[PDB]
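Following: one structure in structure tokens, then a few remarks.
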Amino acid sequence: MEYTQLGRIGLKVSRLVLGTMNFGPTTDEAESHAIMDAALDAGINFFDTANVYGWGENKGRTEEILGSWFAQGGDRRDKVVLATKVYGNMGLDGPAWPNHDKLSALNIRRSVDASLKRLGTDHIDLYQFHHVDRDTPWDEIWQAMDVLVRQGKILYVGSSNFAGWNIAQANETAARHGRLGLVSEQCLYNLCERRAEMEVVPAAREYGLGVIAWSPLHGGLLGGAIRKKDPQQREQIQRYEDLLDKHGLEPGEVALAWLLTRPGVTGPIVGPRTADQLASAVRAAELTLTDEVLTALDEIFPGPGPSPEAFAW
Amino acid sequence: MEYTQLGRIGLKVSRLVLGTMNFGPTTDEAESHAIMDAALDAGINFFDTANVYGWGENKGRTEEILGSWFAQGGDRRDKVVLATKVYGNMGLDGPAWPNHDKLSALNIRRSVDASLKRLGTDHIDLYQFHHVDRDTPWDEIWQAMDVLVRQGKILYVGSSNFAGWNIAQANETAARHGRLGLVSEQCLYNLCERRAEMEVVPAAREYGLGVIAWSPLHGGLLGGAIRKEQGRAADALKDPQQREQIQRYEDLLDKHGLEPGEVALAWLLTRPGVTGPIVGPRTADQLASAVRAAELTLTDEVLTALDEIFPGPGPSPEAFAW
Amino acid sequence: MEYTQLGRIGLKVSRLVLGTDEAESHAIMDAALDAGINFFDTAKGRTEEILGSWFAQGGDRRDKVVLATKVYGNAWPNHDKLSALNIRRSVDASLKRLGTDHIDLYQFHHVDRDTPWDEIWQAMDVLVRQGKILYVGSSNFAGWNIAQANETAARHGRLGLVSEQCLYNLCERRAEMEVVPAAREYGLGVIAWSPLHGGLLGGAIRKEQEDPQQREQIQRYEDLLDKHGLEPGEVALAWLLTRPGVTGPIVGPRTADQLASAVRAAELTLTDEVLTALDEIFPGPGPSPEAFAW
Amino acid sequence: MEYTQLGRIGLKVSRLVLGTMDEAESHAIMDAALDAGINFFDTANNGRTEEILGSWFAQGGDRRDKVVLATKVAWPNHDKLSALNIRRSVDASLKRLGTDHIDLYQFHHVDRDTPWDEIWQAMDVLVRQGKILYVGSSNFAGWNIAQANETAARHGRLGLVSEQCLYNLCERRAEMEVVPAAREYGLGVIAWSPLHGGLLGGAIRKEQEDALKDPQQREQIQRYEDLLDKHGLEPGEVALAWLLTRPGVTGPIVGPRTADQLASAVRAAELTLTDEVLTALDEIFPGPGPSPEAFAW
Amino acid sequence: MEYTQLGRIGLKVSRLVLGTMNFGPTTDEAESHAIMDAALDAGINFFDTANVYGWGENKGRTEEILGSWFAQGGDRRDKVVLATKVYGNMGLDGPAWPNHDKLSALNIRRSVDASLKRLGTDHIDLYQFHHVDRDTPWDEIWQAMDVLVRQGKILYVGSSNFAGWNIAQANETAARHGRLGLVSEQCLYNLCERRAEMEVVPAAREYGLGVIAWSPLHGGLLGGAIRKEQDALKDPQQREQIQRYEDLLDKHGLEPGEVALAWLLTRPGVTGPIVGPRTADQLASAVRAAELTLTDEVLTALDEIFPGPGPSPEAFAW
Amino acid sequence: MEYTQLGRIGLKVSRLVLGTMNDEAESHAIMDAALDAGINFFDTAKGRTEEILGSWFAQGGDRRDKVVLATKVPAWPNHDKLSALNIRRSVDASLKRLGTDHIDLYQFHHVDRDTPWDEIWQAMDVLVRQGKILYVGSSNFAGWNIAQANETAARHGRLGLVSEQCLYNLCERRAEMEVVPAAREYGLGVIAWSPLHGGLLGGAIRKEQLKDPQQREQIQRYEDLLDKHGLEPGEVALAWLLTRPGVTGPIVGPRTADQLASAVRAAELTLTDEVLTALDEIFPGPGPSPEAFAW
């Protein structure tokens, strides 16, 4: 397993982030404990979860499945860099009670409390904003986070679904008064959706943020998903699959291996449903995509490159 | 129910703010609870109380009623933006013991823990200064609030009855060292009394404060007092000059099919920078009359007619100079 | 002549501010100097060229006076108000006319809510560093504009406003709400503009030897000052000199009697009795919030 | 003529920006733009355009005093944004403009090799000598605007006041992060190439009466020209009127070289596109909205 | 009973600060409680003490007598501004074990918890430095005090026996990083010893500190010394100062201990003196001296018998 | 000639400071010899006393380049005190009398309790950045004035005061209380004015052929002790100061090559433990506050 610094900070993480999305809704508590044990022994120390994981009326179940994983002992909690999220509605799906979503100091305080409880731990290592909230200013947001830091309840703060200028505003506001700003951005990034390259990824590079990609198979589309509706992308997908057949490669492992070559990308979040899915993703980290394959991938999946070159000059 | 951000911050608050002066004094515990449950049903999520509410030897009784209300479970605490106040003398009425009123770090420490205890909750959402205190400098005041914030005892800090320059000084002072400044001002603002427009409301609008209007009926003087003539407003109607003012107001509203109470709240909702009035329902029926006042549309003829009965100074320096 | 520090700063000034054809202002300025009045204020260019013709007569004139002037406007874009663009041209045309290489107190004519304080202070600091300006003052501001302005300046070490020039007299006391308390908190001198309320306080009912509720105000005023032997224009000036935070009033005498009239007013000491009487004819609003709530 | 504040600052500009492309013709239009009330002058749609301005000022009549004058900044350090290239750039520019100060001194493009403490040193020196009042950007990313004004404000300096970006109906990707960042920081937004190089200027009816060889683009402009053929509007005016409806857009750069092109842009400033027309224009030329919703959620 | 803002801050205190150094050593616990109820009853809320008061093997005792006074209930703790101190050795007298005196953050941490436990209360209102420590820098000091502040264990920080430049340096350091600085200086200042007027009181006044004057009778020297003859100062320079003091006050029919207290109350910048009653009669004597009015004629006399130096540099150049 | 850094800063000055005399020609000759003895620190403790240095600089010979030039700032309002108005007018008048485009050490004459430090530092910062002055000093400050001034300068990044010129001699030592301790804390040089107390230390009684009630007795013990030791009164008054912690050195105003030569002999004279013990006996100090008046 390959390691790297989470951007600029002293945290050392695995280049695969174990996504726990399915633990609860699609994969059961027992086998999820098995999948997390497999990850640990394969060298993966960076686990990503979210309060809202569990879904519907079980929003929260994933944070409990990790909580009961830690409760078995074995230095499991001590070994894991535990990240979870705040922003999402923890009420019944739909228009939330005011202040029970977004990033007010109010929702941050009540969300961290609920998440620490389900997780059976006194601290989160990486507490990420699940989305930008344009109505909450950064002096408020950093007040909330800093309180959780001073009480030892969180260590680092990360972002997800931010614009590049949010990363800059956040970390300049925090640096002004002596606070560690964002250390990571969790952005949507894969071969089919590459527009985080325009501003999101260069911003995070300028300010020293880790970059972790979610939907790294783009909802499974890059996962060999023709094998038994718009024709254009169907064709993009068909040629991606033909190209990999000529080269003897699995579509799943290339989507992941390809993110692992992009500049500034710490690693994708892999969401395995079985252990064979974890295993398969671990081999993607040993895969070395040639310059022949990389070149012909960028032909089928063109990127925009940075702004303002993307759209102007 | 209309929602709005409370000034610049991430807090979303209903544009009606449930005041709680009456709970204890004029409404007993049981009915107070029933009205609060009704506010949540009507979407009001923003509750305003104060330590001194409760009167005389019974000051703090209002907070205890919200506390027993929270104790029934049901996400009552988790659902409401809880706001209360510090400044007031909680001793027997009259000249307070030194440091038992106003905004020293001493009074702030003692007031907050007694409020938290009476409210039976581990945090206040909006901790408001009840009045400007000119003897306490802002590095002391922000020291006191910042301790409360870092301990998780309070979230947001508001002012009530401040001057314009007090809001500015407070929030520049906070900003220098990275503190969230005041998030809201609670000013006396209604039709008959519009001098908050001179400097208070412009300052709060510059510094990104919500504006919460208290005494929105002017002591009931706008709630149809003269037709109910079939404390402040009592001997204020014994002004010949002034009782024609409230006369033209009640005559106008009769022509237009409108209720004097509801138009006082609805008007405040048209003023620029006003988050919403504080309503003081003593029954669920008067709550329900306030909720209708938040959905009324005040047409341009009415507002024209209102502004000429109730003249406003507008902002300084233009209000006394040019 | 009574002198005072201009608010918090080290600048000492007389408590009359000498305000506002050519040669009959030159003689009145020289005797204002003889009276000990060093605070000269241009409160549009002939007056500045006229003060400019004064300094060019040698003899310690630019070295003895505190020189104050204002920005222009009350138009073409950026030719009024307080942008860096107008500040720059306003000051450079003011230095031309005044015939001097620096202005002592450079004032804003009025509040410009569309121009941010980081812009304004940049433009003043360029002038302070080039020796073109020493001190900045405000005119017709709200109390919260003073706070915001001096707080903004102090963040980066600049000296903020040292003075606010507002409308303030017995007929109009509404600067006591917030303007003057802000000025007092931040240590600005308060300069009373129109101390006689356009001469309304200077004995106007009598000069009819030549609104019904507002002339009864002035009637009770003069009738009061008849029975106490006092001169009306002088009391209006002496009444401002007793208000806390007031540095002094702008006066522009052109005779030698009005100069002596104004000097007497700055020496006149009003008995407590008359102060009480004037208070009931011309009530004051108090500072906010107490003025309109509690 | 509609005026407005240039972002957060107290400078008032007309919503038409007078940009560029012999001197007599230039002078007359500049005199006529001033007659129409245009005060915002810029030397870009950076040689000879500057001296045509310097000799226009040389005619007196308060010309210099009436315009907000904006200009902008390969052997090493003869391009890009080192303090070295800025120092030589502005002095050359000052001499060619025949004036002792530029009102709005803009970067031509972001320089990712130059840090902002060096850029703001160089800008601040010029500020304190009085050579320069305001600073603005061209062709930045959203995240360069934030990094810039954040670094300026740490020490009291005025940040960027404007950003000149490629914005028109056909190319709307500045809406993702560029324009969002400038509204947050209070920068005027100056839309460069508001017709997309004439592509929006009735280019198909002028082909009878370069990007046109692509059928997908060709149909897009055909729908555009048909819609205004039914609505009574001139296409070159719509393209500017549309931009004037976008939040944070100060105005477009217009380069009229004749009175007839001038009355055409003034008229553009005064149109009111109906909600029907805006709705149709948005189905023809869709925008991406802001990040991250543009590509995630 | 007159009240005043403590310097520039919001805290209101009595112009008499109740000295407690006699509570325990000389006056007993039961009678120290009675003196303290009478001080409440007389309007005094400013109680001053120190961890050391008690002396010798009994250092800490005074703090305990306030604790058991607070444990009587009756809103005694809630009515009182509690001031204690840190600097003095709390262990066996003499050379202190290293860091068991002075103002390292290590000594600060251990002194506040031991004073909190003796005082029977979770917070001190005014934590004072008992003396300047030139060896501890102010980033160290304000760190330790700020920790106490943010834990809610202390409200205000004050000094005692500083120079003027120590006050300046501390309050400027605290302000850089937003912290409320010194709120009070407790200096030695009476008729015999006026040299605090040179720099201590001007600096204190510049920075908005209350000035609390300790040893206001100069160890009894101003407490009717010779008439009571029925420190040493058998030096004849001081007994003429003091003879002409007592005979002037007997020409005018006045109490020596009362004038010493009434005098300090007229000095500009002085919040008030610390009065140290041993009995409740001595408490009522001090209360009287606080509504005493000394004529502008007597003050001339005292000033030519106890000449002040005034402010530096004027005090020794021009 | 012994040198020393002026307090905390990189300026290296001679331990003797050439003070103000009172003839152009005769002042010029002292100054040229002062240069030859290695004294580089010139101060003007203003009218003719400044234009004489100016005629001196105009002779050339690297006289301005070798010299660290120091100078200072009822009256008409704002024609004394330290208002920004008066500083800009004083420095203009000084720069022109002095026939030079910069002052090295611009010093305040006296504390002014009515001008704030953000006003003063505004004025001094203007001159620094125009190259008109380099270093700021103070004279006749209290200790807390030094502390306040330099804390205010450091907030927004200015060099603070670099030196304090205080009254400090054997007879008057109350600057050891707070002013010299403050200057020592903030890294200022301490420049001693009136090192002989108006001449009282350079042999007042052995030249009788101001001050004489109580003070005569101690001046006799002084002169007697120095007779019995073979030391000169003036030279010792100056040499004593050079042993005092934080003291850069004393202002000397020699009006004759001899006096300059005597001042120089004072700077390399080494007082013994016994003389030092005896002088403190005759002229006690109060030590630092608070110990001086408390404990």
Side-chain angles (χ1 to χ4, degrees), chain C residues 45 71-73 75-96 101-102 108-133 136 141 145 148-160, chain D residues 1-16 34-41 61-70 99-105 120 123-135 149 152-161 185-188:
Chain C
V71 156
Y72 295 66
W76 186 257
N78 311 302
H79 282 194
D80 48 347
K81 283 120 161 170
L82 313 175
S83 52
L85 193 146
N86 187 41
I87 283 156
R88 172 194 170 93
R89 61 197 277 291
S90 274
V91 69
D92 273 358
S94 267
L95 291 181
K96 252 81 166 284
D101 66 337
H102 66 279
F108 311 118
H109 59 286
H110 190 265
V111 61
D112 180 21
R113 311 162 163 104
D114 310 295
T115 309
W117 284 108
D118 53 5
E119 184 186 338
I120 308 188
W121 290 126
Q122 156 190 292
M124 304 320 264
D125 201 55
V126 167
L127 304 163
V128 167
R129 263 141 199 228
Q130 298 166 341
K132 289 199 181 273
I133 253 118
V136 190
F141 272 24
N145 306 133
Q148 173 159 50
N150 280 26
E151 297 279 5
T152 308
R155 275 126 77 165
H156 308 280
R158 293 132 166 165
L159 179 70
Chain D
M1 174 62 51
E2 199 185 33
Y3 298 137
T4 167
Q5 297 302 294
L6 181 68
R8 73 200 178 277
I9 68 164
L11 203 73
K12 199 159 55 144
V13 303
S14 34
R15 300 255 276 149
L16 285 177
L34 259 168
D35 287 1
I38 297 187
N39 73 320
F40 205 180
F41 281 44
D62 304 302
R63 273 166 177 97
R64 177 58 188 99
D65 195 56
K66 272 185 164 172
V67 317
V68 181
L69 175 68
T99 182
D100 69 345
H101 72 288
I102 297 140
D103 299 318
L104 177 47
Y105 193 43
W120 283 125
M123 297 322 298
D124 197 39
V125 167
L126 305 169
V127 175
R128 302 217 198 247
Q129 298 175 7
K131 298 164 148 66
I132 275 151
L133 306 181
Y134 304 112
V135 184
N149 288 35
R154 266 144 167 83
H155 305 288
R157 309 164 165 164
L158 206 48
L160 314 171
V161 309
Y185 285 88
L187 275 66

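Computed over heavy atoms, backbone and side chain alike; hydrogens, waters and symmetry mates excluded. So you know, we letter chains A, B, ... as the sequences are listed, proteins then strands, and number each from 1.
- Note: D:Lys12 NZ to C:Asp80 CG = 6.5 Å, rounded to the nearest 0.5 Å.
- Heavy-atom distances place both the backbone and the side chain of D:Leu34 under 4.5 Å from chain C.
- Of all heavy-atom pairs between D:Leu133 and C:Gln122, the closest is O-NE2, 3.1 Å.
- There is no contact between D:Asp124 and chain C, counting heavy-atom distances below 4.5 Å.
- Contact between C:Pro116 and D:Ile9 at its shortest, heavy atoms only, is CD-CA, 3.6 Å.
- Annotation for C:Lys81: atom NZ does not count as buried by contact number, only 12 or fewer foreign heavy atoms lying within 6.0 Å.
- When each of D:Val68, D:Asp65, D:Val13 is scored by its heavy-atom pairs under 4.5 Å with chain C, the top score falls to D:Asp65.
- Of the residues considered (D:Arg157, D:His155, D:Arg8, D:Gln129), D:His155 shows the highest number of contacts with chain C, using heavy-atom pairs under 4.5 Å.
- With values rounded to the nearest 0.5 angstrom, D:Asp103 atom CG is found 9.5 Å from C:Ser83 atom OG.
- Contacts with chain D were tallied for C:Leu85, C:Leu82, C:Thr152; C:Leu85 has the most, counting heavy-atom pairs under 4.5 Å.
- Annotation: side chain of D:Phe40 is not in contact with side chain of C:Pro77 (no heavy-atom distance under 4.5 Å).
- Considering only heavy atoms from C-beta on, C:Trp76 comes within 4.5 Å of D:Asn39 through its side chain.
- Residue contact with chain C, scored on non-hydrogen atoms closer than 4.5 Å, involves the backbone of D:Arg154 exclusively.
- Looking at C:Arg88 and D:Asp100, a side-chain N of the basic residue comes within less than 4.0 Å of a carboxylate O on the acidic one, giving a salt bridge.
- Atom CG of residue D:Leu11 and atom CG of residue C:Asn86 lie 10.5 Å apart, to the nearest 0.5 angstrom.
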